[PDB]
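Here's the structure we're looking at; comments come further down.
Cβ sites come from the backbone with ideal geometry, for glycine too, and all protein chains shown count toward neighbours. Since every read-out is calculated from the coordinates, none of them should be taken as a lab result.
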Amino acid sequence: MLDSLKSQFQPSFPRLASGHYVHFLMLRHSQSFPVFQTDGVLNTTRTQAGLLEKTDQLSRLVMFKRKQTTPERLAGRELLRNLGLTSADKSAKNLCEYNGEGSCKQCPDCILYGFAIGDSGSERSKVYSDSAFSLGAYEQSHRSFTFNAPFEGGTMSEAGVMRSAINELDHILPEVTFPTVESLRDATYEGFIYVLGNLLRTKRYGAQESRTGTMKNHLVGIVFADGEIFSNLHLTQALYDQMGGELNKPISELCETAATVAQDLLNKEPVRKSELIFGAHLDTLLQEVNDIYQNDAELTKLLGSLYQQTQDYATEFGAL
Amino acid sequence: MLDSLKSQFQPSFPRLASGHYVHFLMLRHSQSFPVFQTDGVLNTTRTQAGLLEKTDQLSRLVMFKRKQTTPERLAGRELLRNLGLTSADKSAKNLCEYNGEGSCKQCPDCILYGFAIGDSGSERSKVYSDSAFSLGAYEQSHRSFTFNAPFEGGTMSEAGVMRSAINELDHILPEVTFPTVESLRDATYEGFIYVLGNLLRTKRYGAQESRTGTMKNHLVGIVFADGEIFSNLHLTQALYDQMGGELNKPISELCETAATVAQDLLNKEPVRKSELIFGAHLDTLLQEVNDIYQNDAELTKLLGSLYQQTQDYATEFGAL
Amino acid sequence: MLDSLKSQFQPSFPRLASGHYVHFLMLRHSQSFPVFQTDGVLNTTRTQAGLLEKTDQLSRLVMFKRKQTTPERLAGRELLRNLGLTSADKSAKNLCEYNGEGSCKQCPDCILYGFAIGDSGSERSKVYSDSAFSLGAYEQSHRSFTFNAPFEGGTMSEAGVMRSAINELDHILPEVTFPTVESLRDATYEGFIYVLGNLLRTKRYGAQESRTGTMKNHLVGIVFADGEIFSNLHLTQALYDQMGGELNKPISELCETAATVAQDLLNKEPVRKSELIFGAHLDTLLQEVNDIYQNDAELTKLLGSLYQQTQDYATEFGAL
Amino acid sequence: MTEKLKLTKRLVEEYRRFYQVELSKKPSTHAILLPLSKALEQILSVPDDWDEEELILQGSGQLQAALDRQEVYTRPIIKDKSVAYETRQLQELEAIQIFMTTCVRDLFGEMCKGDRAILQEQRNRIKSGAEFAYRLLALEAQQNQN
Amino acid sequence: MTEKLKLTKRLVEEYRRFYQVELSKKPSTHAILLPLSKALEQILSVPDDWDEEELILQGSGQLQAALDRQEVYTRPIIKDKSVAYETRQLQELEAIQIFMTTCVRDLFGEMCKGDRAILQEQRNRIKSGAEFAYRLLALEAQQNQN
Amino acid sequence: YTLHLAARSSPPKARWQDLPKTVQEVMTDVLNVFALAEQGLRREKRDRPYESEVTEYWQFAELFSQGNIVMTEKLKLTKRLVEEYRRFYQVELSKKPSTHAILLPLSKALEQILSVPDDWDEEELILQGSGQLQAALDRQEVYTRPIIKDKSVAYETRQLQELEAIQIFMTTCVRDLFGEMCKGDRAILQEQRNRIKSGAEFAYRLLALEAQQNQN
DNA sequence: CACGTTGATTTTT
DNA sequence: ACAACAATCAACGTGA
């Protein structure tokens, strides 16, 4: 499979984009009770339930923008450090501090997911997200849990007074589904294997990573196109129609329904579509990417090339 | 459908406009958290709520003037590059630098959306636009979300002391609507398919496009006319009055109300109207334009002839 | 209405003024952020706030002289080209170059709005216009908006260096109202329909038409007269006093307040007033004129007659 | 003033008739807000597939079930009078039920627009309202003689 | 009323009556104007239908459940040993409620005409002037008290 | 002539048809002498005046103002205005600084007067704007801050001297520049914003040229 | 008064 | 980047 797709990508990163988008269409299913918050409450929004049918107003959870890009991004940086292409020690020439004046201006993270410093310059991200919405209503997709913080003595008292360290937190339930489209602008084959690698290889999301927030990203399709397809919300609304407003159904059924909705929607977009990897061809592509990421020599080669390509981009078009 | 409209367009770009305006009436529906800003807050202004019945003042959001011509323009330039009509490499005969001296002055962006720098002169935009206003009130249409930047250690205090970078930003909610009337002055048929292309094919707006700010442009009419029709604010105010201020309504009913307000306003405008594409004639127009942009052999011909026409305009009337 | 109004006009254009002013009383309401500038800032002047009661000084915006006649003039010219009575191609016997030699000296623009370049003399504008003033103070009536221009790569750097392409511009807020009297001398009835057509059919005014500066002209009266009535500033100072400076009133109440102050002021002018079209008679007449400008046969006939009238004036008294 | 001044009483003053934790214990925010926490959870956790009065009567069913876990020092309607269990328990249950008429038909139905999203982005804030209101009443009632 | 202008000195003196830190400690800007930062957050965040006193109880609790999260060195009421600790709070929460009425009435209502868009555009100035007024008064007080 | 041949001229074409535009600008408001010197710098594509230009264009402003009370007051005010912020901010001209870096406190004073609603008091503007000056100064590097860089005196007294120096400058902007000269009207200030800025850059360079001589 | 007719200067770091 | 304007405002001679 991947042997054919090498022909669709740029041979080196271009100066300006030239409409070679790849779109990853995936459902992000919750395991282990996520927290997506900003101001101490779960993020929720009133929304239209569907498109054509199901016109009623509905509160749904939102995975607000950075909360789905930055777990992916940091899991990529971790792999670059593990393969030894970048370093965390401040004595090294290939250091890459995450967000600060010390941040690199030439590693794959910086050139794909973008950076700003001020002095050195800046680089707009080549990977495009948006905030993602629960397919179900919030009322049936959350629960709030109490937490307490006693002494090692097994009590809330140390002098016969109470310490009063008790509060509650609002948690997303398991099997709650966020449909998402992630998009990549004018990447190389190696830049594709890196960001796709992140989507598959990142498992923990949102607040309290140490304790919660594991998610099962099922990739539903990959679509190569001259331009941008539907929003996360338009996919969520189209999928609530096809799900008949009756979301209490299996994960494999929801994944195949999303493949059918994605293809029904793609035919209504004013974009050329060079390839549409869905169904058995995507299970063949996913397996050929899993082979790359399990094989030590091959992963080092691919991602090593990327470092060169991003170094070339940096020295020829980027922050020099 | 498009086979009948080819009669109404100019056979090539005219020197001075001869009153052949195409107007695109559309609702820009928010999909995910746009940031429409200048000077660090969501741009907002006081307006009368609606024309005649609801006469109380109402602060509404403003998608300021360029914020809806640039995403369209840049999605158009990327297609010209994708078809190979223009190029990004500084050595090529068909280079078109954005915002610079090295603008082409003879490609479709340059002729249709205009240019200004350098000795070869300027050209006024043939796409006409105005700032667009939220149908609803600002207080019902925004939320502010706080954001932070931990060190990759997963802490706020790498020095043993806090970064203190915690801030917030104001974002427009989903399903917020901006009524808009784009306009096009004395184009060719291929110029119409290019501009209508951009409006239908561009998807991202405002700050933070790589993370946020997807939108859904529902074109509700195309009106061929002898002159300027109503302002965006007048369409916003007429539509608010028509809904009686109960704006919590389905997206399709809001498009059907906009279509039936626009036809009643057009009947009160001192312009001869050659054509009024609404309803089933617009559904059948847009599917035919989709089947240009979904087909390579047709698109490359049409946008190719636009190159010629615009190159010809440049070498007969324009920058030479 | 038009069947009676016809008697007031002259049967053909005279060489000398024969009294016979028609005064178009308007409010011009801002709809989308006008820029009214000379010398790089919004034009403003200190004025007494109102005639009798509120006698304190105030700075108000100035829609300076030609900013309210060039929009009218050019919109009439593109209609004359649309009706085929004039052309923009060199080597056609009905060419009319704007502000050069090769001005027609026979078309309705040349006679009604005047000419002064080259051989074959000069002609005084039969439309008399004046600089208009904001009803409110500058401080309540403007805002400064930052604009920037990044590289197409989405950042303010192309080689690590900054672009620094950042500046402010001031724009007049929506719902800011400019009271004005346009005056037409020695017209034929068809000449009145042309000038009145320009006033109802124009909709953009300021700098940056392509992006900004839509306005709504509400004609509040038409007054047939033996000579000049009040200045724009005087109608403004009367209207501010009648509102007590309480300017946050809806446009319907503001157009009804302008109507009663204009009639109070007209009864204090040393001017025989043959006809005073206001209110329910004016919203009759405005519809009878919309019925001309929406009818292809009626408009061609009328404006074609005007062409003959203006070409006969040219051969009898004008440029021969 | 009345229509939401009376709510700035009733949001705590209608639960003070059945629940009072003594503020001098310096108890948690969670421990003071316990009636309202379990009302706002009942109101967020279900769609309109049953009536506002059904929401009131089921929510009354939650608080009368939950408060059997709290020690009896919390319940003034049991402490401050001496009468048979099945009658003081009916006085408890109907005092809980009228508190949820405020919570459902005025606090949710009017103040939170009647829409669960506009409650949900506010739940920490209207909790901090009850937190201050409980102290504003109780610390006056205790200490106003100084 | 004439309170449509000249507010900031009254606004800062009203919270300096219950919260302080000395500039000899060299504290962050965010920590000086903490009381005002919680007030402006409460005003701008909650629904536009809610009336003055409902904003006041909420805003008062929204900073009271935050000022007790740090050292008593910063609280020039609760440290006064001349008064019994339960009555120190009776002075304290009535000081918070009068600071909170001047921000909901004088600041938001009069100075910003009650419009959240006007207040949001000017928020950083309304902050920076109270930070400066606080330093100006604190480094004046140490001159005259010696 | 030496001001008209700097601005409203081209190197082979003196454009004496514009001398009536150059004189009317010089007479209307004396700070236009510095607005024209900046236009000449723009034509000559030179980023800063010579040391000679800083005293030439000032001796011209003092010459054309000589008989007039409001011009001599405005020319004394624009010097005093900068001589006040130069007590707490000094970018060294040797480092080739930008016109913006020289005008950091005056640009942040004027933007404050122009951005606030017209209802708010002078004594509120003085506090909000001095906050923004303190906030801006603390983001520059320590060598630019004359009161704080001088380690000789106790830290609260460096803070106390900074706060009262910022307050007296902001009081001159809001009382004398805006209230008296510009009639307390933002329209009249907006027209002058450009020539006040140009006049303050020439004042800063003159005060610096005078300091570097007299410090011997 | 009423017809008709058509050439010339030298230059502003 | 780049324009600071553009035109027009007799002087005779000859015959009736």
Residue count for the range C:120-131, restricted to those that are surrounded by 15 or more Cβ atoms within 10 Å (Cβ to Cβ), over 23 Å from C:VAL261 (Cα atoms) and not charged (D, E, K, R): 2
task: Keeping to the range F:79-129, report how many residues are more than 14 Å from every other protein chain (Cβ to nearest Cβ), under 19 Å from F:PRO49 (Cβ atoms), more than 10 Å from the chain's Cα centre (by Cα) and not hydrophobic (A, V, I, L, M, F, W, C).
output: 7
query: Yes or no: C:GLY136 in a loop (DSSP other than H, G, I, E, B) and either under 30 Å from C:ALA49 (Cβ atoms) or away from DNA strand H (no atom under 16 Å from the Cβ) (or both)?
result: yes
message: Among the residues that make up the range C:149-172, is at least one of them more than 14 Å from chain A (Cβ to nearest Cβ), over 30 Å from B:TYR98 (Cα atoms), part of a loop (DSSP other than H, G, I, E, B) and free of Cβ contacts under 8 Å to residues at least 60 places away in the same chain?
response: no
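Conditions (1) more than 30 Å from C:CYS110 (Cβ to Cβ); (2) surrounded by 20 or more Cβ atoms within 10 Å (Cβ to Cβ), marked per residue:
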site	(1), (2)
C:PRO150	yes, no
C:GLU175	yes, yes
C:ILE193	no, yes
C:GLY221	no, yes
- prompt: Of all residues in the range A:246-298, which are among the polar types (S, T, N, Q) and in a strand (DSSP E or B)?
  reply: A:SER274
message: Residues that are away from chain C (no Cβ under 14 Å) and within 14 Å of DNA strand G (Cβ to nearest atom): list the helices (runs of 4 or more DSSP H) wholly contained in the range F:1-78 that include at least 2 such residues.
response: F:32-43
field: Set C:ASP56, C:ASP119: member being within 16 Å of DNA strand G (Cβ to nearest atom) and more than 28 Å from C:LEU200 (Cα to Cα)
entry: C:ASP119
query: So E:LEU63 fits all but one of (1) crowded, with 17+ Cβ neighbours inside 10 Å; (2) within 10 Å of chain D (Cβ to nearest Cβ); (3) more than 17 Å from the chain's Cα centre (by Cα); what number is the exception?
result: (3)
field: Check on F:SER10, free of Cβ contacts under 8 Å to residues at least 60 places away in the same chain and within 16 Å of DNA strand H (Cβ to nearest atom)
entry: yes
task: Inspect the range C:113-121 for any residue being in a strand (DSSP E or B), in contact (Cβ under 8 Å) with a residue 40 or more places away in the chain and within 14 Å of DNA strand H (Cβ to nearest atom) and give the result as yes or no.
output: no
statement: Those residues of the range F:21-66 which are within 12 Å of DNA strand H (Cβ to nearest atom) and surrounded by 11 or more Cβ atoms within 10 Å (Cβ to Cβ) amount to F:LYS21, F:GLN39, F:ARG42, F:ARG43
query: Quick one: is B:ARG28 surrounded by fewer than 18 Cβ atoms within 10 Å (Cβ to Cβ), in a strand (DSSP E or B) and away from DNA strand H (no atom under 16 Å from the Cβ)?
result: no
task: Take the residues in the range C:132-148 that are aromatic (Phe, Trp, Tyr) and either within 14 Å of chain A (Cβ to nearest Cβ) or closer than 19 Å to F:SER115 by Cα (or both), then tell me which one is surrounded by the most Cβ atoms within 10 Å (Cβ to Cβ).
output: C:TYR138
- prompt: Just checking, how many residues over the range F:143-163 are out of contact with any helix residue (DSSP H, G or I) (no Cβ under 7 Å at 6 or more places or on another chain), part of a helix (DSSP H, G or I) and within 14 Å of another protein chain (Cβ to nearest Cβ)?
  reply: 2
message: Every residue in the range B:241-260 that is away from every other protein chain (no Cβ under 13 Å), over 14 Å from B:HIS218 (Cβ atoms) and not polar (S, T, N, Q), please.
response: B:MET243, B:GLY244, B:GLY245
- prompt: Which one of the conditions (1) in contact (Cβ under 8 Å) with a residue 40 or more places away in the chain; (2) surrounded by fewer than 18 Cβ atoms within 10 Å (Cβ to Cβ); (3) hydroxyl-bearing (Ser, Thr, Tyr) does A:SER91 fail to meet, given that it meets all the rest?
  reply: (1)
- request: May I ask you to list the residues in the range A:42-62 that are in a loop (DSSP other than H, G, I, E, B) and under 22 Å from the mean Cα position of the chain (by Cα)?
  value: A:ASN43
- request: Quickly run through the range E:108-138 and pick out the residues that are touching a residue at least 40 places away in the same chain (Cβ under 8 Å) and within 17 Å of E:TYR19 (Cβ to Cβ).
  value: E:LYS127, E:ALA130, E:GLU131, E:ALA133, E:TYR134, E:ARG135, E:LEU137, E:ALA138
- prompt: For the range B:100-112, what are the residues that are out of contact with any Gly (no Cβ under 6 Å at 6 or more places or on another chain), within 14 Å of chain C (Cβ to nearest Cβ) and within 16 Å of DNA strand H (Cβ to nearest atom)?
  reply: B:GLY100, B:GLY102, B:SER103, B:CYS104, B:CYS110
query: A:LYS90 versus (1) of a type outside the set (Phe, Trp, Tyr); (2) in a loop (DSSP other than H, G, I, E, B); (3) within 11 Å of another protein chain (Cβ to nearest Cβ): which is the lone unmet condition?
result: (3)
field: Residue identified as of a type in the set (D, E, K, R) and either in contact with a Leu (Cβ under 6 Å, 6 or more places away or on another chain) or within 12 Å of another protein chain (Cβ to nearest Cβ) (or both) among C:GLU175, C:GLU182
entry: C:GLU175
